[PDB]
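First comes one chain, alone, set out as structure tokens in the form deposited in one PDB entry.
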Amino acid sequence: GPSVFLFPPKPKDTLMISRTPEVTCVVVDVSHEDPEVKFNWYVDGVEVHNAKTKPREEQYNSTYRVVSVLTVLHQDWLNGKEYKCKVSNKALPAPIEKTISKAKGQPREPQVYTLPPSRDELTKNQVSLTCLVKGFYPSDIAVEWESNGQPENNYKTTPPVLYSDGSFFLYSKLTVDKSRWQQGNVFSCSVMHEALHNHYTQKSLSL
């Protein structure tokens, strides 16, 4: 009956000390007559006792969805500690365990290139600015466009794709009106990854 789902922190969260990276253990499909769900958290095998279990919430399909949220230290996540959520409930034969961590393997620093649009992309009102980020590991990364300090709206990012040698690459596309690229605005592609200095770099682009 009950299914357990264990979610990692957001990459922008693990990479900036101002933010609060958290692991979330989500139990769904808990019957009405065995609703008491117990949680235990282990960090690299030692039980931790500081997780905040939000009070159960009855779903419209007549099952309880219960959530528990453990906060993690940024150096704990990035040093490769394993997080074991252990969910016990009297609807279960025996308790369910789920574990989560950063990806094993040595970090690799992404190279960041910014490509300008094709000449064939001038006969349009809109134009595509491209940012290639390649050779990074593990694949937790964050890509963001801006110009003149303010963020950009119209950008899309592919998912991280596996190259032959084990590392990852992706592309981010910023659609801008040809006018602004003509005028000469500078657009910037900002990349946040653990293997970067200050965890952040930025590449700029203009006519």
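Quick note: we count residues from 1 along the sequence shown, nothing fancier.
Another form exists, solved in complex with a partner chain; not displayed. Remarks below refer to it.
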| item | value |
| --- | --- |
| The partner chain contact at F7 in the entry with it bound, heavy atom, 4.5 Å | no |
| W145: touches the partner chain in the entry with it bound, heavy atom cutoff 4.5 angstroms | yes |
| Touches the partner chain in the entry with it bound: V23 (any heavy atom, 4.5 Å) | no |
| Any non-hydrogen atom of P151 within 4.5 angstroms of the partner chain in the entry with it bound | yes |
